[PDB]
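Going down the list, the protein sequences come from chains A and B. According to the deposited numbering, the first sequence holds residues 2608 to 2648, 2666 to 2751, 2787 to 2913 in order. According to the deposited numbering, the second sequence holds residues 1 to 54, 120 to 404, 439 to 458, 497 to 614 in order. Remarks on the structure that follows.
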Amino acid sequence: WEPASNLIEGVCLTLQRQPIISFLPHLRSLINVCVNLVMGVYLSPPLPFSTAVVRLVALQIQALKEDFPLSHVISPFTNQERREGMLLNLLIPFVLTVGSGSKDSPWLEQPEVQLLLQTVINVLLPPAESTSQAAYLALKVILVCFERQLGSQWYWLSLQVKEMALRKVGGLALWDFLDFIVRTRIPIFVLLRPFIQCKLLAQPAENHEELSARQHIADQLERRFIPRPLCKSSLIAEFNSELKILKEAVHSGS
Amino acid sequence: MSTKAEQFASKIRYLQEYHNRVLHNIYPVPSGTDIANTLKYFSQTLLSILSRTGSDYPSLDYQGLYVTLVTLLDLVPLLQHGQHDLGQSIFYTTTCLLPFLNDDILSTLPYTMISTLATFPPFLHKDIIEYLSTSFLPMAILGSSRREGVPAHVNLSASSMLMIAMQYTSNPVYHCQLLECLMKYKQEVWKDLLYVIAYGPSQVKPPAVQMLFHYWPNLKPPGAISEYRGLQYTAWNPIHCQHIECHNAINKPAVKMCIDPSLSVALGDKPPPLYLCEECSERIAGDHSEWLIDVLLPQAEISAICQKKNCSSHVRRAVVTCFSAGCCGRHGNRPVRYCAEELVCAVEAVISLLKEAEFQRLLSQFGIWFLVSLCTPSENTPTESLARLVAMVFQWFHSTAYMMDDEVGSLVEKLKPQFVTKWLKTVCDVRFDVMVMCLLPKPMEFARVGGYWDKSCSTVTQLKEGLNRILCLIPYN
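Here it is, written out as structure tokens:
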């Protein structure tokens, strides 16, 4: 796969330097066949080929910015294991690759990213466990990677994460999510920490591991002093390490 | 009271069987004009019920009525006909339950009040802002703050309600109303408002210091040449007084608050509390003045000079605000302003203030006259905080070597010498070892944080721009 990834990066550099070559449907069939080969719809390609495929998807989205409705690009899968495979291989590398941040350069605008937000929540809630943690990771990376452009829609997804906490979906994955919330203090926690101290930390648990996680998040919360504004490339490294943990978790036979 | 609780339970049952009906919106759904025409009869019988209130609780349901009312409040955007009288009827319903409320759901009253602000159109937001500060918030700050020890919502969730208010409204009337009422009614609001300027979202960093600066008109540096006089703060509308059987109920604002329920109901034809003026209050101010607590007048000119007239401070701009209700009525019921270890998170707010000053950036000068006013560099500040401070101020020096030939850029490049230079001289005095430890290409993990470190590329061009900002740093003396 390494010279195949070299071929795909040759195609990617042709798209990078020559934007006008994106018109022929042969390139589009290359995009569709490399996406369906990365998805495999047990033998997965290595990280350079997957990086090349995701960068090809990233270029095709930025260039053809009027065509290509994302509902078949983030492809339809009626089976949920194919949906969590999409969350693992297709979604979160696209989130990590699209986040450059330079203010003079554009990126994915508002309607496609709110379609992504409703997509991840509709994976999470129905409008059984590793797919839910992967959905929390997708919510994790879209919250941290899109700080400046989700400036209109906080309260509705505040109600959705309220509904997530009301249903205990996933269990301890919710406690790790709210521990990240109260640790790095991303601005949704201002509408969430009164919900913590008034409902969640005020109503106790019943399972001893959930009690230990609850005391952990309570000691992290009750210290009202200065938090740590992290370097957050170590947050990217936690994303890669959790990706490698789940990658060896799904190719282990069970 | 025999058939009144029966008919309230019958309408509760009606909305329950229409709630177990999946909302397909089949017609006839009763319109909001018809819903408020029924509940106007309910408001009249609730007026005749709350004409005898003095714990005089009747056998009505107030717990399922809360969830029925918030589901109705979420059916407000699903309606078309009759929205204004629907809002008036919801207002009358909630304020007539306010004497007969249980103390388990009353703590979560005003957050659920502000939770339906974005669902309402802006023409109903004037009735929202003309009714809230009269009724909803004050009884939650009076009836529920006598029992402290429990986590109250003005400690925790006040920053949440105020962020939603800064987000969804664009009126200095609305923001000035909520800021004056929540500051005057409860203390230590400044720490949570600093905490929401600190860790709030980025779009509420302009207005939460803009509308603050009506009430906090001091963080301008001296010789205040200011061109950001956009939306000069004309205050809110003088409240039209509910007591119909008074004499001067046209134009004057209120100064005390009549909460005595039976007299208010049977005299004003309006729900309690009745907000009484200066001429209105002094009729029942002899025997029932334990209920009359001092309210303040809308001040369109809050002075940037100190509001106490016996001035003794050298700087006419006075920093610390204390807001007791002792003698704040010698100027026309005007909020009088005044003049240790809690500093570090305040400077953290400045770190998060100037972090998104990359791209009308007058907040840099607010951070300039913030850091040199009451932030002290000492040994109480830890190593990580000082490393973070010197790294973020170095990014501010480089980003103020940018922003060429704009008016606020000319202002921040005028105030860059002679103001932060004595601060860096004190830094070179006390902690020059940690600065040159932070001037190393890859420092400790307490130092190289924040900014644009999230890159899926080579980090050696970041070091090239680091050497470039050191090059821009050297001729600064």
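Think of the CB as a built atom: it goes at the ideal place given N, C-alpha and C, for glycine as much as any other residue.
C-beta neighbour in chain A for residue i, strict 8 angstroms
i                         : result
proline 175 of chain B    : no
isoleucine 193 of chain B : no
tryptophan 590 of chain B : yes
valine 443 of chain B     : yes
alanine 205 of chain B    : no
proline 216 of chain B    : yes
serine 222 of chain B     : yes
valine 219 of chain B     : no
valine 567 of chain B     : no
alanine 183 of chain B    : yes
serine 378 of chain B     : no
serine 225 of chain B     : yes
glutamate 516 of chain B  : no
Where residue i falls, given that 16 or more other Cβ within 10 Å makes a residue buried
i                             : result
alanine 2896 of chain A       : exposed
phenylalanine 2718 of chain A : buried
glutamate 2865 of chain A     : exposed
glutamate 253 of chain B      : exposed
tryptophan 2815 of chain A    : exposed
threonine 520 of chain B      : exposed
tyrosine 41 of chain B        : exposed
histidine 190 of chain B      : buried
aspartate 257 of chain B      : buried
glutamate 447 of chain B      : buried
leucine 2667 of chain A       : exposed
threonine 136 of chain B      : exposed
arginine 13 of chain B        : exposed
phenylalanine 569 of chain B  : exposed
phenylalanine 2805 of chain A : buried
residue 2551 of chain A       : This structure does not reach residue 2551 of chain A, given that chain A is present from 2608 up to 2913, and the question cannot be answered.
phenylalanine 188 of chain B  : exposed
Beta-carbon gap between residue i and residue j smaller than 8 angstroms
i                             : j                         : result
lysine 270 of chain B         : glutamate 455 of chain B  : yes
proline 2853 of chain A       : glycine 265 of chain B    : no
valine 2722 of chain A        : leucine 2680 of chain A   : no
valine 219 of chain B         : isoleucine 206 of chain B : yes
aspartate 359 of chain B      : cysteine 393 of chain B   : yes
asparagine 313 of chain B     : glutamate 355 of chain B  : no
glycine 32 of chain B         : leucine 151 of chain B    : yes
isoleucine 2885 of chain A    : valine 443 of chain B     : yes
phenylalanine 2898 of chain A : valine 2800 of chain A    : yes
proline 326 of chain B        : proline 164 of chain B    : yes
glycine 587 of chain B        : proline 2888 of chain A   : yes
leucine 2622 of chain A       : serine 2612 of chain A    : no
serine 200 of chain B         : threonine 160 of chain B  : yes
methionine 248 of chain B     : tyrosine 298 of chain B   : no
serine 329 of chain B         : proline 338 of chain B    : yes
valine 238 of chain B         : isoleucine 194 of chain B : yes
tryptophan 506 of chain B     : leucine 284 of chain B    : yes
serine 2726 of chain A        : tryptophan 590 of chain B : no
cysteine 246 of chain B       : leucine 202 of chain B    : yes
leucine 2739 of chain A       : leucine 2694 of chain A   : yes
Interface flag, residue i vs chain B, CB-CB below 8 angstroms
i                          : result
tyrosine 2666 of chain A   : no
residue 2760 of chain A    : Between 2751 and 2787, chain A has no modelled residues, and residue 2760 of chain A is one of the positions in that gap.
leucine 2715 of chain A    : no
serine 2612 of chain A     : no
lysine 2891 of chain A     : yes
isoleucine 2745 of chain A : no
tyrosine 2814 of chain A   : yes
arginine 2807 of chain A   : yes
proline 2750 of chain A    : no
Counting only runs that start and end within the region 318-361 of chain B, where is the beta strand (DSSP E) found for 3 or more residues in a row? 319-323 and 339-342
Residues, ordered as in the chain, of the region 268-283 of chain B that lie near chain A by beta-carbon distance below 8 angstroms: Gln268
Which residues of the region 18-41 of chain B have a Cβ closer than 9 angstroms to any Cβ of chain A? Give them in chain order. none
Write down every uninterrupted run of the beta strand (DSSP E) in the region 146-188 of chain B whose length is 3 residues or greater and which is fully enclosed by it, in chain order. none
Which runs of the alpha helix (DSSP H) fall wholly inside the region 531-558 of chain B and span at least 4 residues, in chain order? 544-551
Could you list the residues in the region 228-260 of chain B with a C-beta less than 7 angstroms from some C-beta on chain A, going in chain order? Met228 and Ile229
Go through the region 226-301 of chain B residue by residue and report every complete run of the alpha helix (DSSP H) that reaches 4 residues or more, in order. 237-250, 254-264, 272-275 and 277-280
Between the region 2828-2859 of chain A and chain B, which residues of the former have CB atoms less than 7 angstroms from a CB of the latter, in chain order? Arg2844, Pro2846, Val2849, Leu2850, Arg2852, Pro2853, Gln2856 and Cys2857
Ignoring anything shorter than 4 residues, give me the alpha helix (DSSP H) runs that lie fully in the region 2798-2878 of chain A, in order along the chain. 2813-2826 and 2831-2843
What are the residues of the region 2707-2738 of chain A that lie near chain B, defined by any Cβ-Cβ distance shorter than 9 angstroms? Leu2720, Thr2721, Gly2723, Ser2724, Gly2725, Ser2726 and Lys2727
Of the residues that make up the region 577-606 of chain B, which ones have a beta carbon closer than 7 angstroms to any beta carbon in chain A? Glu582, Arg585, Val586, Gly587, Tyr589, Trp590, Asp591 and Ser593
Could you please tell me which residues of the region 521-548 of chain B, in chain order, have their CB closer than 8 angstroms to any CB of chain A? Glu521, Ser522 and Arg525
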